[PDB]
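A structural walkthrough
Here's the letter readout for the chains.
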Amino acid sequence: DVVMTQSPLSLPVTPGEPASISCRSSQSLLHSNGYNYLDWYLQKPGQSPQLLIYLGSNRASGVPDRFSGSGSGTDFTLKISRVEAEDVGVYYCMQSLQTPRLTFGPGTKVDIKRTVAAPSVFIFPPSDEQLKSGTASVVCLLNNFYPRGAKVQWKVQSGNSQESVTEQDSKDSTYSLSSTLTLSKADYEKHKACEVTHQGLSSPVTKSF
Amino acid sequence: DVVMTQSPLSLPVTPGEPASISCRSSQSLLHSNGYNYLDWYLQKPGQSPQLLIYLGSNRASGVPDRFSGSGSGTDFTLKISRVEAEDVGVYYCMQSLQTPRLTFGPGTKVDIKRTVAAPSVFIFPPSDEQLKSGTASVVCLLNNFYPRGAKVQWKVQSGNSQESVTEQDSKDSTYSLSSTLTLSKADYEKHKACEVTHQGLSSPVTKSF
Amino acid sequence: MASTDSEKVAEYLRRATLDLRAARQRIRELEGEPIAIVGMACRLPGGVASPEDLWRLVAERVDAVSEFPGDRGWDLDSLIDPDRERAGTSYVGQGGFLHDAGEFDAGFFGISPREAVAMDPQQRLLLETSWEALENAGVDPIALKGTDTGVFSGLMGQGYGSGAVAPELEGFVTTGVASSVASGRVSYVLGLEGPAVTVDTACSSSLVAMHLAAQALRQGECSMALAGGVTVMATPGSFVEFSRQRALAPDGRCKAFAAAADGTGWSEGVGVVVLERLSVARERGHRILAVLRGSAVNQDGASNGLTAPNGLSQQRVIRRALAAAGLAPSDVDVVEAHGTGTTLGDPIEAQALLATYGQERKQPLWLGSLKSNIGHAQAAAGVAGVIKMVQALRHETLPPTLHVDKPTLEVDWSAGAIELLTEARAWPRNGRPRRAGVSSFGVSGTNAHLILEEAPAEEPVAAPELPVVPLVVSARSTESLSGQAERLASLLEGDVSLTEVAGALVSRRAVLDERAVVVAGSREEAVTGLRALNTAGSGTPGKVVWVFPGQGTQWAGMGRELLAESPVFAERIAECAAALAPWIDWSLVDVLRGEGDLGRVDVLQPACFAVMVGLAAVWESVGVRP
Amino acid sequence: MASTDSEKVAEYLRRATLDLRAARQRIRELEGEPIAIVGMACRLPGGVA
Amino acid sequence: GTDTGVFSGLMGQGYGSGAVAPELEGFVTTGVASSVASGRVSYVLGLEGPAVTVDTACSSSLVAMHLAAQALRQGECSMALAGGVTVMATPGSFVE
Amino acid sequence: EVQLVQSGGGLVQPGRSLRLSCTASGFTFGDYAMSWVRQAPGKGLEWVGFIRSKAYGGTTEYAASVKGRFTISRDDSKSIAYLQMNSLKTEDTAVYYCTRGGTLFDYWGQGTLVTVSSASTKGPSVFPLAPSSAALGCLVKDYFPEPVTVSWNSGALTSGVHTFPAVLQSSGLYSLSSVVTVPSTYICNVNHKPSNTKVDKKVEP
Amino acid sequence: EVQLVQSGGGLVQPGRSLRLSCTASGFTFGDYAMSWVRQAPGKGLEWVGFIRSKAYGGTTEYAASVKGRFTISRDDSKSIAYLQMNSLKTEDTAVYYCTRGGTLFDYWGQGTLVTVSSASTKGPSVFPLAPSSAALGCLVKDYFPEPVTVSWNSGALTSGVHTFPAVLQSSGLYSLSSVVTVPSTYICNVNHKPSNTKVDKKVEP
């Protein structure tokens with residue numbers, strides 16, 4: 001009987017424009033007293049969470065006025081008249097009618113809307129100095145792709161790849177991905193093609209050592 | 001057990017002055033939530049009651065900003081920065097923690113400050129047409145006294161004196177009282193006096209036939 | 001004891017939420033309430049005596065450039081010169097001048113001609129235009145007595161009457177040329193209480209003034225405000241001075257943003273508008289012309305030179321204005337730029353516009369320049385353009401400009417969605433708001449910008465016409481009364497509603513000594529009556545006595561027509577018949593209609609008595625006290 | 001399922017009272033904030049500088 | 001580089017209203033125009049706040065201060081200057 | 001905005017029944033709980049009754065003074081409250097108000113006067129009140145019901161005039177006196193629309 | 001004003017105990033209910049526990065996963081909330097926050113990072129990333145604990161410098177790579193202050 005609320009995952013935006021994020025529940029949260037039980041929280045990257053809007057259409061003090069909330073029953077909406085720069089972070093539409101809570105779910109992410117940029121893919125061979133340690137790490141670096149969602153697959157493979165993605169670029173507002181497949185020296189020498197998929201790429205791109 | 005509150009009975013005021021009314025309780029209205037339960041209502045002369053103050057400190061909408069309130073525990077105080085002429089009437093500090101609230105109590109009457117005036121005392125004989133009708137009604141009059149609190153006492157008597165009171169005067173800001181002692185004509189002829197006491201009077205003054 | 005605190009706190013602080021949300025809305029409105037315009041008046045060269053004249057002229061692509069005037073006593077013989085560098089000479093001889101500046105009506109305000117010649121013409125123009133604008137609002141100027149309306153204006157000194165004067169004119173020259181008198185003088189005529197302010201900010205002066213009023217209007221210091229500008233040149237020395245800088249076009253025409261721009265052109269003008277709070281205007285039911293939304297004013301500060309402007313300052317003030325109005329650049333559609341026509345000023349302004357508005361435009365916004373038709377009107381210039389926008393908004397049309405042959409090459413015209421108005425284009429309502437922008441940049445560096453929006457949609461109501469109606473007219477002089485009658489007849493030649501005209505006449509006009517009345521039932525009847533009017537009675541009243549006659553007044557069918565005409569008289573006569581019912585033996589209604597012998601005294605005398613009583617009641621109904 | 005409202009209502013409403021009272025104080029100061037004088041200069045007859 | 005504004009009160013006096021030596025061309029109108037006072041101050045100090053010249057009888061200076069106050073409340077400037085000045089070039093007023 | 005309409009008042013014989021209707025507009029009626037409070041003339045304020053809302057079930061509570069005689073009902077669909085007088089008594093004559101909010105009486109209506117009596121129409125009796133050697137007046141006694149109008153010298157005399165509020169005598173009739181102090185052309189005109197009685201009298205030594 | 005100061009964090013081996021103290025100021029501490037909520041690195045927010053106020057009984061609720069291992073206490077006199085961790089594990093490594101309001105977290109603390117591990121301090125291993133034909137870089141591997149710094153040409157090389165976030169290997173050591181793209185002499189300097197090691201290398205084909 002535990003209710004559930006959902007929102008579109010990510011809405012790229014451009015400053016100077018309005019943005020609307022919905023939140024749809026599995027049940028009507030309106031109570032007999034006459035108040036919906038829904039709240040919105042924001043966490044800027046590397047920042048503590050803070051409150052934005054509670055009980056449908058109440059804005060906490062100190063928040064910029066351009067945010068507003070509406071809706072009822074099962075569906076609610078958060079609207080902002082003008083997108084800004086600093087507003088980037090993670091937004092969570094969290095219920096309050098049921099207690100206690102355990103987690104805030106996925107929430108919603110925001111990125112700066114810009115031109116679709118394909119990942120510049122580059123495969124790098126391990127350094128022989130790295131080899132002398134006794135292992136080899138091969139990186140399929142994806143420089144300057146917009147938006148995210150560039151998944152990779154090593155083929156010569158699963159279970160020995162780690163990926164780290166830098167945040168949205170400051171100037172070109174793209175992203176950089178470092179996906180590294182690691183193996184021992186013995187297995188690396190025993191065998192002698194990362195496949196990359198992104199909406200920027202028309203088709204997956206294969207890079208070979 | 002049943003809580004109670006008390007305020008000063010009446011206080012003459014001068015326009016453009018600060019004013020303060022105390023309200024002291026028989027118990028502490030403070031609750032575990034952290035709030036006292038006391039409200040302040042005002043009734044203007046001949047108008048529907050109006051709400052002024054609730055939860056002691058916070059002020060309701062529409063009320064002029066010149067009003068304020070404070071206090072805690074068993075003591076509270078309403079204050080007005082600026083006294084104006086139209087703010088005459090009656091005020092009530094009434095609890096809300098104990099239910100069911102039954103009556104508003106005597107409240108507090110506010111009035112315009114002016115000089116102390118000794119009542120002008122008059123007495124008139126019964127009308128002859130009413131004598132032909134078979135009865136009589138002796139009349140005593142007090143005009144232009146300040147403040148309130150004038151008292152009359154019939155002698156020739158109690159239980160048959162009907163006293164009508166006018167409002168505070170518009171220009172001189174005083175009051176007037178008309179007392180009537182009504183009886184049968186035969187009783188009127190059987191025996192052959194209104195004594196008046198007021199803080200404006202130095203001594204009781206008895207006016208007779 | 002305190003177990004049912006749940007419902008208690010629920011209702012308690014639900015009320016709290018309601019009250020303090022209302023408070024928040026109040027603070028938002030007080031910091032950002034829109035303003036409304038309810039009347040304009042303008043006087044510009046080319047015979048522009050009304051906004052309609054200006055709208056017609058701009059719609060018909062009409063120039064107003066003329067030659068130097070001669071009435072002002074200027075020695076133009078020694079000033080016009082093909083030689084450009086000879087001292088005390090000008091290489092141009094054309095401009096847009098208000099050739100009707102001298103004429104004035106001192107009698108209307110009861111001012112002796114000594115002051116009339118003494119005072120500067122600008123004050124006279126201000127007075128007349130203010131009266132015109134107030135009349136346009138449909139508000140009685142007399143009723144404004146004792147009200148708290150402020151007044152702001154912008155003007156610069158002109159040195160009128162700088163030479164030696166006759167000793168007769170003593171006691172009037174100072175106040176005649178005193179700047180601070182002017183605005184106050186207006187108040188003295190109307191007996192207002194609001195603040196009176198005159199400012200001096202070169203060309204932008206008018207716009208700044210308007211902005212100032214807005215602030216006061218938001219602070220509750222007045223109920224309504226008047227603001228405007230005026231500029232009349234006393235001597236042509238400025239021309240000669242500007243001939244030294246060679247910044248004047250020898251043609252005397254400003255080709256704004258054209259590739260053939262070569263200078264500027266001076267001109268004169270007067271303009272006045274009235275501003276009021278939107279909510280109060282809706283409460284009073286005044287017809288709304290347009291809504292003023294946002295204003296911004298800043299200073300150029302340090303730049304390339306003392307008078308050299310900077311684009312970044314203009315971008316800053318534009319951004320401030322947009323933020324104050326809380327609107328995105330995409331929400332605006334048309335801009336009336338400065339349009340000076342100088343070689344250097346236009347490229348900077350154009351680049352600033354490209355950098356500010358030319359970013360992510362759904363449609364190519366349009367820009368105009370009124371000066372290309374009239375030239376630089378200096379202090380009034382700004383406000384003048386505003387009126388133009390308003391008319392363009394009212395007619396749902398986008399007027400074109402003049403002298404456009406090729407956009408200047410210093411502007412990358414493909415850098416943004418920017419296009420000029422070479423031809424008129426329809427601007428219909430669509431359900432989304434329409435917005436327009438204006439800017440001004442003074443020589444001293446101060447700059448201002450305004451953003452305004454279309455008025456809210458209005459619901460018309462159809463009203464039935466009446467059989468016959470009276471038409472009244474009042475004035476201070478008989479000749480003025482005749483002129484008003486002629487103008488009213490000329491307007492009535494068109495297609496209007498007679499009932500509407502009568503109501504407006506009896507509602508949106510003052511009452512004067514010279515009076516005239518005509519009863520009409522048809523438009524042609526009204527025209528004949530107006531053209532046939534010949535007399536007016538300025539007689540001082542004495543005391544009124546209602547005389548009552550004896551007999552012989554009766555005739556057939558006494559109370560038939562007016563019974564159906566005036567219901568109040570019908571009610572009165574019905575009441576009288578009911579009161580006299582315990583003694584009648586006939587239908588008084590019938591006999592007054594003419595259904596009984598009126599030659600009988602026992603019938604006629606009560607009938608005539610009732611007739612007189614009903615007529616007395618009717619005469620009472622129009623507020624006549626014997 | 002609704003017994004979890006009283007306390008939540010109470011908390012919500014303390015927060016609302018506090019924040020919007022602070023807002024009201026802000027609007028009052030916006031209306032009537034006092035101004036301070038920090039610099040002054042003059043030139044009058046009698047040699048005053 | 002800041003947004004400080006100025007407000008000044010003054011009258012017209014016609015200083016040097018007579019004939020001018022042509023060597024002094026170009027600095028006459030700028031040297032006598034009313035609005036150029038506050039603009040000159042701003043240009044010298046490189047300020048961006050609004051600059052206004054107000055002329056309302058003998059109380060003009062006080063009015064300026066009042067206006068400045070409102071501007072400070074509206075938040076367009078973080079510092080304001082107000083003042084008044086009066087110097088008589090000719091004694092004609094006395095005669096009148 | 002929130003607005004209240006009170007109706008159903010008048011003059012009623014003892015022991016009858018009546019209905020008072022309160023209509024609410026400009027807000028959502030279904031949430032609040034309503035209350036009724038009366039005030040006797042020249043008295044304070046005393047609670048009468050209240051009704052809850054359907055959110056908590058909408059139960060009703062009444063004062064024990066009129067318990068079982070007056071009933072409260074509500075109509076959410078039409079958002080109108082009904083209060084029923086049964087077994088009326090004269091002392092219950094008062095001005096009544098209906099208020100939104102069971103505990104907080106934030107909003108108040110225009111009020112409604114209700115009088116309980118068995119008396120009938122009666123014209124006024126005007127009597128003199130003359131001085132001896134600085135006051136004079138007239139007494140308008142034994143008329144029913146209110147109002148009665150008194151004007152001194154057809155309203156010409158205004159200074160020093162005190163028209164004391166009409167007081168209901170124990171006889172069931174109304175009485176008052178107009179007193180004007182004239183030390184050292186004296187007419188009191190009395191009008192009574194309920195009896196349509198108009199009489200002007202004079203005061204003389 | 002309402003101010004929160006978290007304290008007591010750091011690094012700890014598994015199976016130990018620790019306490020976290022949050023100091024509150026600028027309000028009535030006793031009237032609120034405290035809450036503690038953590039966040040695992042690269043993950044969302046997870047409710048941990050909370051304590052009610054004295055008014056409602058001062059009870060405490062804990063997460064089932066960490067039930068019986070952590071205890072919540074408060075000092076009303078000094079207005080400081082204590083959370084007692086016992087028998088920590090690697091998964092417990094997270095950034096923790098103490099917030100005001102049991103249900104609504106209007107105010108939040110600055111947070112504090114708590115790390116649980118058993119690795120040892122070790123100097124970093126620096127290797128190049130050399131191309132063959134437009135990118136290049138440097139790989140830093142097997143360093144512990146944080147932080148480590150990489151500078152291209154002592155900061156001279158700026159454009160294209162992607163210093164990817166450190167990724168914790170399953171071995172417990174950290175490893176990252178700082179790369180840069182220059183189509184068509186270049187030095188990278190790595191400093192691991194925890195190991196106090198400074199190693200700088202070059203990248204050429």
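As a numbering rule, every chain is indexed from 1 in the order its sequence is written, which need not reproduce the entry's residue numbers; residues that lack coordinates are not presented. A letter from A marks each chain and a number from 1 marks each ligand, given out in the order of writing. Any value you read here covers just the chains shown, which are one part of a larger assembly. Just so you know, side-chain values use all the structure's heavy atoms and leave hydrogens and water out.

With the PDB entry as reference, chain E is termed 6-deoxyerythronolide-B synthase, source organism Amycolatopsis mediterranei. Here the PDB entry title reads "Antibody (1B2) Bound Rifamycin Synthetase Module 1 in the Transacylation Mode".

Named according to the PDB entry, chain A is Antibody Fragment 1B2 Light Chain originating from Homo sapiens.

Residue contacts are counted whenever heavy atoms from the two residues lie within 4.5 Å of one another. Contacts between the two partners involve seven residues from chain A and, on the opposite side, seven residues from chain C. Where chain A abuts chain C, roughly 520 Å² becomes buried across the two surfaces, and 29% of that area is made up of carbon and sulfur atoms. The largest contributions to the chain A side of the interface with chain C come from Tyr35, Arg59 and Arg82 of chain A, which together make up 71% of the buried area. The rule for a salt bridge is simple: a side-chain nitrogen of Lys or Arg has to be within 4 Å of a carboxyl oxygen of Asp or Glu. Of the charged contacts in the structure, one is a salt bridge between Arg82 of chain A and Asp331 of chain C, with a shortest N-O distance of 3.0 Å. What gets called buried area is simply the loss in accessible area from a 1.4 Å probe that two parts show on being joined, summed for both.

This part takes up helix α11 (residues 345–356) of chain C. For an α-helix, the turn length of 3.6 residues means that residues three or four places apart are oriented alike. Residue and element names in this part refer to chain C. Here a helix means four or more residues in a row that DSSP labels H or I, a strand means two or more in a row labelled E, and each is numbered from the N terminus. By definition here, a helix of n residues has an expected span of 1.5 Å times n minus one. Over its 12 residues, α11 extends 17 Å from the first C-alpha to the last, a length consistent with the 16 Å expected when each residue adds 1.5 Å. Taken residue by residue, α11 has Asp346, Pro347, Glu349, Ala350, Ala352, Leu353, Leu354 and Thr356 as its buried positions. Next to the buried residues of α11 lie α10 (311–325), β12 (418–420) and β14 (435–441). A 1.4 Å probe rolled over the protein chains alone gives each residue an accessible area, and that area as a share of the maximum for its type sets the label: buried under 20%, exposed over 50%, partly exposed in between.

By a widely used convention, the size of an interface equals the accessible area lost when the partners come together. Contacts between the two partners involve 30 residues from chain G and, on the opposite side, 32 residues from chain A. Between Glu129 of chain A and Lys201 of chain G there is a salt bridge, with its nearest N and O atoms 3.0 Å apart. Nitrogen and oxygen atoms within 3.5 Å of one another constitute a polar contact, given that in protein one can donate a hydrogen and the other can accept it, and given that sequence-neighbouring residues count only through two side-chain atoms. Counting every contact that joins chain G to chain A gives eight residue pairs in polar contact. Those elements giving two or more residues to the side of chain G that touches chain A turn out to be β5 (46–51), β12 (125–129), β13 (135–143), β16 (167–168) and β17 (174–181) of chain G. Residue polarity follows a fixed list, in which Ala, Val, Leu, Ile, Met, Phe, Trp, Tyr, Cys and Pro are nonpolar, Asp, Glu, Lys and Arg are charged, and the others, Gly among them, are polar. A breakdown of the residues in the side of chain G that touches chain A according to their chemical character gives 21 nonpolar, six polar and three charged.

Our focus in this paragraph is the pairing of strand β15 (residues 194–197) of chain B. Residues and elements named next belong to chain B. Criterion used throughout: strands pair if DSSP finds at least two bridges between them. Looking at chain direction, strand β12 (residues 151–154) and β15 are connected through four bridges and run antiparallel. Looking at the pairing, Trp154 lines up with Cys194 of β15. With three bridges connecting them, β15 and strand β16 (residues 205–207) associate as antiparallel partners. Paired with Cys194 across the strands is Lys207, a residue of β16.

Core analysis: the biggest nonpolar cluster contains 100 residues, and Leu38 and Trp40 of chain A, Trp40 of chain B together with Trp36 of chain G have the highest contact counts within it. Setting aside chain neighbours within four positions, we find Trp40 of chain B in contact with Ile21, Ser22, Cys23, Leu51, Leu52, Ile53, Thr77, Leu78, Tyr92 and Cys93 of chain B. Core analysis: the next-biggest nonpolar cluster, separate from the first, contains 45 residues, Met40, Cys42, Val208 and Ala216 of chain C among them. Grouping buried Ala, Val, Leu, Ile, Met, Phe, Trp, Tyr and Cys residues that are joined through side-chain atoms within 4.5 Å yields what is termed a nonpolar core.

Below, the discussion takes up the sheet that holds strand β14 (residues 149–152) of chain G. Strand pairing in a sheet is mediated by backbone hydrogen bonds. Such pairs are either parallel or antiparallel. Residue and element names in this part refer to chain G. With antiparallel pairing, the three strands of this open sheet are ordered in space as β14-β18-β19. Edge strands, defined here as strands with exactly one partner in the open sheet, are β14 and β19 (197–203). Direction aside, the axes of adjacent strands within the sheet are offset by 15° on average. Examined bridge by bridge, strand β18 (residues 186–192) and β19 share seven bridges and lie antiparallel to one another. Residue pairing for β19: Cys188 is matched across the bridge by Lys201. Note on method: axes are straight lines fitted to C-alpha atoms, helices fitted across the in-contact stretch only, with angles between N-to-C directions ranging 0 to 180 degrees.

To continue, consider a nonpolar patch on the surface. Residues and elements named next belong to chain E. Patch criteria: residues need more than 30% relative accessible area and no salt bridge. Like-charged residues are merged within 9 Å; nonpolar side chains of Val, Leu, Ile, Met, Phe, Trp and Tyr are merged within 5 Å. Computed with a 1.4 Å probe, the accessible areas rest on the Shrake-Rupley method; for each residue, only the protein chains presented here act as cover. Taken together, the side chains of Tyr15, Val20, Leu24, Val28 and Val32 define a hydrophobic patch exposed on the protein surface, amounting to about 460 Å² of accessible area. Mapping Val28 onto the fold places it in the loop between β1 (5–9) and α1 (29–32). On the accessibility criterion, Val28 (31% relative accessible area) is partly exposed.

Our next topic: the pattern of salt bridges. Summed over all chains, the structure comprises 54 salt bridges over all chains. Between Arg15 of chain C and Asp106 of chain F there is a salt bridge, and its shortest N-O distance comes to 2.5 Å. One end of the pair, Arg15 of chain C, is in helix α1 (residues 5–32); the other, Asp106 of chain F, is in the loop between β9 (94–100) and β10 (107–108), on a second chain. Looking at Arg15 of chain C, the relative accessible area reads 22%, which means it is partly exposed. With relative accessibility at 15%, the residue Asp106 of chain F sits in the buried group. Between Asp262 of chain C and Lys255 of chain C there is a salt bridge; the shortest N-O distance is 3.6 Å. Counted as one network, the salt bridges with shared partners bring together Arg66, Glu84, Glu86 and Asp87 of chain B.

Before going further, it helps to examine the arrangement of the chains. The closest approach of any C-alpha atom in chain E to one in chain F is 32 Å; the two make no contact. Chain C shows no contact with chain G. Their nearest C-alpha atoms sit 12 Å apart.

Time to look at the domain arrangement of chain A. All names here are of chain A. By convention here, the domain bounds are inherited from an automatic or database domain assignment. When the domains of chain A are assigned, the result is domain 1 (1–113) and domain 2 (114–209). Once you take the C-alpha centre of each, domain 1 and domain 2 turn out to be 35 Å apart. Residue-level contacts link four residues of domain 1 with four residues of domain 2. In this assembly, domain 1 packs against domain 2 so that about 350 Å² is buried in total across both faces, 41% of it on carbon and sulfur atoms. In terms of surface lost to domain 2, no three residues of domain 1 exceed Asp111, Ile112 and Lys113, which account for 94% of the buried area on that side. Taken together, domain 1 and domain 2 are joined by two residue pairs in polar contact. Partitioned by chemical class, the residues of the side of domain 1 that touches domain 2 number two nonpolar, no polar and two charged.

Attention now goes to the environment of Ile51 of chain G. Position of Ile51 of chain G relative to the elements: it lies in strand β5. For the pair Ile51 of chain G and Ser133 of chain G, spaced 82 residues apart in sequence, the C-alpha separation works out to 63 Å.

Residue and element names in this part refer to chain B. Assignment of secondary structure puts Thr108 in strand β9 (residues 108–112). When its relative accessible area of 6% is taken as the criterion, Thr108 is described as buried. Engagement of the side chain of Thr108 in a polar contact is seen with the side chain of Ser7, the distance being 2.4 Å. A polar atom in the side chain of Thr108 sits 3.1 Å from the backbone oxygen of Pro8. Those residues within four positions of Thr108 in sequence are excluded, and the remaining contacts are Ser7, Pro8, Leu9, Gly89, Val90 and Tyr91.

Next up on the list: the packing of α10 of chain C against α11 of chain C. Residues and elements named next belong to chain C. Look at α10 against α11: their axes get within 9 Å of each other, and the N-to-C directions meet at 45°. Taken together, α10 and α11 sit at an angle that is classed as oblique. Once α10 is placed against α11, the crossing between them reads as right-handed. Seen from α10, the contacting residues are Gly311, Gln314, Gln315, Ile318 and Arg319; seen from α11, they are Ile348, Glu349, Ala352, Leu353, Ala355 and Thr356. Grouping the constituent residues of the contact of α10 with α11 by class yields five nonpolar, four polar and two charged. These descriptions rest on fixed angle ranges, namely under 35 degrees for roughly parallel, over 145 for roughly antiparallel, 65 to 115 for roughly perpendicular, and the rest for oblique. Put simply, a crossing is left-handed when the front helix is turned counterclockwise from the back one by less than a right angle, and right-handed when it is turned clockwise.

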